[PDB]
């Protein structure tokens, strides 16, 4: 565990993280994909061997000794708001199980279902609150990665509000 488990946010490419493992915002088919998934494919392509897994689940594959946790959030273009909310919560619960099982002291995590799976809706708060619900009982240092300057501010505010 970390000595004083924390949440932090950084605005940069998650493929350049300084943590002991990474969460990929994966597709269910283990394809290279776009956005975070394509950056993860370029950095850790070995981790996409048998990485296909259903919506609402996470599957870990090692790149050398570095763990890549493939977490499959729902595409809100296809799911109802109700069913999508349930699957997005479940994907983060499976990430917390994997982080715990691996025994890492830190994890880099993107906000699932906030990009091309958002159905064009702002889901910062929805996705971040499911992240907190899952990860609050873990003792890893969590570092959230984003690309937008206004999102960095809003994620940082949400973290500081609870401290």
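Positions refer to the first chain, counted from 1.
Per the PDB record, is the mean Cα temperature factor higher over 65 to 73 or over 37 to 45?
Going by the record's values, the stretch with the higher mean is 37 to 45.
I need to verify one thing: averaged over C-alpha atoms only, is the B-factor higher for 130 to 138 or for 117 to 125?
On average, C-alpha B-factors are higher across 117 to 125.
Assigned third (lowest, middle, highest) for the C-alpha B factor of residue 13:
Its C-alpha B-factor belongs to the middle third of this chain's values.
Hey, what third does residue 56 fall into on Cα B-factor, ranked over its chain?
Lowest third, going by the recorded CA B-factors of the chain.
What third of the chain, by the recorded C-alpha B-factor, contains residue 30?
Its C-alpha B-factor, which the entry lists for residue 30, ranks in the middle third among residues of this chain.
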